[PDB]
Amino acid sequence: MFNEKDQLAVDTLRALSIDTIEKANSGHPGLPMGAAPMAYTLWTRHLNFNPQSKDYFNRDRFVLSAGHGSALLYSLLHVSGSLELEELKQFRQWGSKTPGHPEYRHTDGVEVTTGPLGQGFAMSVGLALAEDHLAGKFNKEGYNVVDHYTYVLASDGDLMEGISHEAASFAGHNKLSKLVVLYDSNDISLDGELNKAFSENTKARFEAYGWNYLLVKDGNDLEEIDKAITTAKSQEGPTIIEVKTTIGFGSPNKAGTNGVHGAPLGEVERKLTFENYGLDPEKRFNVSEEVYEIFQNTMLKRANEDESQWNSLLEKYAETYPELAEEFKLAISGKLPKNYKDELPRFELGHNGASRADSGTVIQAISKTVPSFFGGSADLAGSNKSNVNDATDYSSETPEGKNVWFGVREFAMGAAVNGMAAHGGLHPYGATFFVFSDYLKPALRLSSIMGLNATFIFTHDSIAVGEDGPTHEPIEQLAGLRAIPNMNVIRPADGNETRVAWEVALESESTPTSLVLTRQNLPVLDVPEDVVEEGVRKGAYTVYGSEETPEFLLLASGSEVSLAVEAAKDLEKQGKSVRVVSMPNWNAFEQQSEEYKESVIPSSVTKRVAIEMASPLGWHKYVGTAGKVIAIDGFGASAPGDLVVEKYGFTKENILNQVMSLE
């Protein structure tokens, strides 16, 4: 079913990609040269996607995990009627809609921001996860309201990365059938031939994960690829197709070598490659009207008709199942139920609750009030208290279940939460220990680059963890996460603060949120509720004292705020003026006005002291030149948590000694 016109379209894509890279004198020709046939077959024969109707909720989700092949994607998006030839001509240039690695929200049709290898694949696992769960919740007899595939195009670097192993295990265990991977196997990487570091059977590996495997012997044979995709679509497990291609196909002097991977060909080699393709070298950025026409008559019309039929089905779904239809529209919009906050827990004085336990209570409330809430833990739900006890577990037999068992796969869990957030219809969260945030720190960065409403529960935040030792006690993680732009790192001081931090995490549509929680019982603070909501939303607020300019201004976060307050009292009892300020979220505080910033932390107070059970880094911004920081400068210790905390300076008397000794 493939003609010479189809080959003309394929080689047009290749020529376009390399003219783009040639103009920029920057880019990666190899993968776009080698993958153009399978990408063409996918887009024109299967993919239900219109890059113009970029938000069709039942659209197939295609992800290019190999971000360095961005040109190909852009070329595709141009011949499908969403991206101009001028943006291609402005490749890797300032302000362009065609950045070097594909970016979400910047280019229409780019579903997730890719580049860092393996992450696109795991985010695609997350997208398919969201698909299965939403279908399990909403679909009825003859009302397949959620039914679409998840396609990903990956390279050798993707499968050399362990996050691929983690995500593929999770996908095969839960039988995510609508996930299809197209693996460009070119036996070449950046530094040379793949047989220098890689030698393994993708077949046996992925069949051991529970996957289906298909081998395409010639990546240029469009028919073999088409059959592989169709079979993969009719199968019960996740499926990977190892399309065997030659990197830099068409180039005589640079094919099958590392040189074509990430360096421009040059006009000489581009000329010879064009000769091999049967295209005019002298004409640049040329696309035949037949090429545009083919995409118009195949993918675009098919996607339009799928969207139209889905809209009709939904109009009937609203009549037969009205409540579900309203809830589904609210889910797609990402809006939260009105007055959901009104059912969130109120903690009263005399309560001594760990931030993880109070988070668990709030989560019990959120699963009831917000039907889009979805997530789980990395085999630490007993320790993270991230389970909904009134809900079932997600599985192949129970796709509607609202608790996910990610397993000891934290990086993949983060990328999966990111893919779920990119999919839409869900409010996703993932849980682990704060000290193991380091495992998924790349995912977090992508979440902050894309601006995903993903929430990351991190418990066990300090040396108060205790007996589990320095490997399990965080010191430097808060500062690293605070350094990530657009990252809400909220460390609540008590249960009420935890509730408001959850509210921030749910309503933050453009900002990912890490919740840094504790395992030790924290004291509930006598700050009225009004002030807590406002102050957690503004990052830092006064919890004790009325004098804007005092002798002593004590800054604290999380487990320390109560301690700070205690110290304040003693200072007051010896004729010293003092104010105690909680700083749950530094990001929110730096978003506020200079007036509020100087009302909470006047730079006029020279004796400013901060107290945190973490690294000092970043605190001298808020204490000044003549202020002091009481923190942890080394690693932790294996001993009961109270003892470790006391030995590391965080006792009221040592704070008093430090504060009174200062100037």
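The first residue of the shown sequence is 1; numbering continues from there.
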Q) Looking at the entry, does 324-332 or 204-212 show the higher mean C-alpha B-factor? A) 324-332
Q: Would you tell me which stretch averages the higher CA B-factor in the PDB entry, 582-590 or 258-266?
A: 258-266
Q. Between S638, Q52, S615, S70, which one tops the list for C-alpha B-factor in the PDB entry?
A. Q52
Q) What's the residue among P485, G480, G375, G278 with the greatest CA temperature factor in the PDB record? A) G278
Q: Using the B-factor values recorded in the entry, state whether the Cα atom of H460 falls in the lowest, middle or highest third among the modelled residues of its chain.
A: middle
Q: Grab the CA temperature factor for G100 from the record and place it in the lowest, middle or highest third of its chain.
A: middle
**Q.** CA B-factor ranking of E497, expressed as a third of its chain
**A.** middle
Q.
When the deposited Cα B-factors of this chain's modelled residues are ordered and cut into thirds, is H620 in the lowest, the middle or the highest one?
A. lowest
Q. Lowest, middle or highest third of the chain for the C-alpha temperature factor of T273?
A. highest
